[PDB]
Ligand SMILES: [Cl-]
Ligand SMILES: [Cl-]
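Protein chains in written order, with my numbering: chain E, 1 to 8; chain Y, 1 to 8; chain U, 1 to 149; chain C, 1 to 149.
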C-alpha cells in the first residue's frame with residue numbers, strides 16, 4: 001500500500 | 001474471573 | 001524522582017493514545033487503544049513496569065485512580081498508584097504541550113504509515129531521540145543509572 | 001556492546017512470543033502475536049528502537065532477515081539489521097535456556113492471568129527484575145549510561 005507498515 | 005487482568 | 005511517571009491520555013482519529021511520561025526526563029512510552037478502560041490501563045502499566053523501575057505512577061484521571069483493575073496491576077508490579085492533581089500548575093502546561101508536540105509529529109509521519117499505531121510509535125521514537133544537548137532517552141538512562149550507583 | 005540486540009521467537013498455547021534480548025545485559029522485551037510475520041516483527045522493532053538505543057538487531061531467522069518490511073523498519077529506526085548465525089555456539093544455548101526460563105515463569109503466573117499476553121508481561125517483569133547481585137534491568141541502564149558518558 002506504499003506505507004512503511006504496508007509496503008504493498 | 002479472579003484474574004489480575006479480569007478481576008470478575 | 002528517578003522512579004516517577006505520569007500517565008496521560010489524548011485522542012486522535014477517534015482512538016485513544018495512552019502515554020506514560022517519565023517526569024524528570026520527559027521520556028515517553030505510548031500505545032494506541034480503542035478506548036481507555038481500567039483493563040487497558042492496567043496492562044499498559046504492567047508493560048511499563050517490566051521495562052523501567054517504576055516506583056510511582058500519577059494516574060491521568062479519577063476513573064483510572066479508582067479502577068480496582070488498575071490498582072491490582074500497581075499492586076502486582078510494585079507501583080505506588082497516586083492521583084495526578086497538578087499541585088504544581090506547571091504540570092498541566094507541560095502535558096498539554098507534550099500532547100500538542102506528539103500530535104504534530106504524528107501529522108508529520110502520518111502518511112508513511114497505514115495504521116495510527118505505527119505513526120504513534122514513530123512519534124515516540126522521534127520524541128525520545130530529540131536533542132534539546134541531551135535527548136529524553138539519554139536523560140532517563142543517566143538519571144536511573146546515577147540512582148542505581 | 002551497548003546497542004546490540006537479538007530477536008528470538010518461541011511458541012506457547014498455539015501463539016507466538018516474540019522476544020528481543022539485549023545481549024550484554026540479558027534484559028528483554030517481549031510481545032504475544034498470533035503469528036510471526038514481517039509486519040509484526042517490523043512493528044515490534046520500531047517499538048523497541050523508540051525505547052532503547054538499538055544500533056544492531058540480529059534477526060531470529062532468515063525470513064525476518066529477508067523481509068523487506070523488517071528491513072524498512074530497521075531503515076526507519078536507524079537499526080543495522082544482521083543475521084543471527086551463532087558464530088559463538090554459546091549464543092544458541094543462552095537463547096534456549098532463556099526460552100525455558102521464560103516458559104517456566106509463565107507457568108508459574110499462568111493462573112493469575114486470563115490472557116497469555118498478561119502472563120508474558122509478568123514474565124518479562126520477573127525476568128528483568130531478578131537479581132543473579134544486579135538485575136538485567138540494572139545492567140542494561142548501567143551499560144548504556146556508561147556508554148553515553
Ligand atoms: Cl475513552
Ligand atoms: Cl508463526
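Where a beta carbon is used, it is the ideal one built from N, C-alpha and C, also for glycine.
- Query: Quick one: is residue 5 of chain Y near chain C, going by C-beta distance under 7 Å?
  - Reply: Within the second chain, residue 5 of chain Y is the residue found at index 5, counting from 1. By this cut-off, residue 5 of chain Y is an interface position.
- Message: Using a 10 Å radius around the Cβ and a threshold of 16 neighbouring Cβ atoms, would you call residue 85 of chain C buried or exposed?
- Response: Numbered from its first residue, the fourth chain carries residue 85 of chain C at position 85. Exposed, by the Cβ-count rule.
- Message: Considering just the uninterrupted stretch of the beta strand (DSSP E) at residue 2 of chain Y, what are its terminal residues?
- Response: Locating residue 2 of chain Y in the second chain gives position 2, where the first residue counts as 1. First-last for residue 2 of chain Y: undefined, no H or E at that position.
- Message: I want to check one thing, is the minimum distance from the CB of residue 82 of chain C to the heavy atoms of ligand 1 below 6 Å?
- Response: One-based indexing of the fourth chain puts residue 82 of chain C at position 82. Not so, every heavy atom of ligand 1 lies at least 6 Å from the Cβ.
- Message: Does the beta-carbon of residue 150 of chain C, which I'm using as the reference point, lie nearer than 6 Å to any heavy atom of ligand 2?
- Response: Since the first residue shown for chain C is 1 and the last is 149, residue 150 of chain C is missing from the structure and cannot be characterised.
- Message: Give me the DSSP bridge partner(s) of residue 5 of chain U.
- Response: Position 5 of the third chain, counted from the start, is the residue given in the question as residue 5 of chain U. DSSP output for residue 5 of chain U lists U/22 and U/57 as bridge partner(s).
- Query: Thinking C-beta only, is residue 17 of chain C closer than 7 Å to residue 120 of chain C?
  - Reply: The residue given as residue 120 of chain C occupies position 120 in the fourth chain. The residue given as residue 17 of chain C occupies position 17 in the fourth chain. Closer than 7 Å, so yes.
- Message: Please identify the residue among C/77, C/66, C/14 and C/97 whose C-alpha is closest to the C-alpha of residue 83 of chain C.
- Response: Against the fourth chain, residue 83 of chain C aligns to sequence position 83. Comparing Cα positions, the closest option is C/66.
- Message: Between residue 72 of chain U and chain Y, is any beta-carbon pair separated by less than 7 Å?
- Response: For the purposes of this step, residue 72 of chain U is identified with residue 72 of the third chain, where counting begins at 1. So yes, residue 72 of chain U belongs to the interface.
- Helix, strand or coil for residue 100 of chain U per DSSP? Position 100 of the third chain, counting from 1, holds the residue named residue 100 of chain U. Helix at residue 100 of chain U.
- Message: Going residue by residue through the segment 66-126 of chain C, where are the continuous alpha helix (DSSP H) segments of at least 4 residues, counting only ones entirely within it?
- Response: 68-77 and 89-109
- Query: Between residue 70 of chain C and ligand 2, is the CB less than 6 Å from at least one heavy atom?
  - Reply: Here the question's residue 70 of chain C lines up with position 70 in the fourth chain. Checking the Cβ of residue 70 of chain C against ligand 2 gives no.
- Query: The beta strand (DSSP E) with residue 31 of chain C in it runs from where to where?
  - Reply: As a first step, residue 31 of chain C is located in the fourth chain; it is residue number 31 there, counting from the start. Start and end: 27-33.
- Near-chain C residues of the segment 37-52 of chain U (beta-carbon distance less than 7 Å), N- to C-terminal order: 43, 46, 47, 49, 50 and 51
- Query: Is it buried or exposed for residue 128 of chain C, if we count other Cβ within 10 angstroms and need 16 for buried?
  - Reply: Residue mapping note: residue 128 of chain C aligns to position 128 of the fourth chain, counting from 1. By the neighbour-count rule (16 or more Cβ atoms within 10 Å), residue 128 of chain C is buried.
- Query: Where does the unbroken alpha helix (DSSP H) through residue 142 of chain C begin, and where does it stop?
  - Reply: On the fourth chain, position 142 is the one that residue 142 of chain C refers to. Note, residue 142 of chain C: alpha helix (DSSP H), 136-148.
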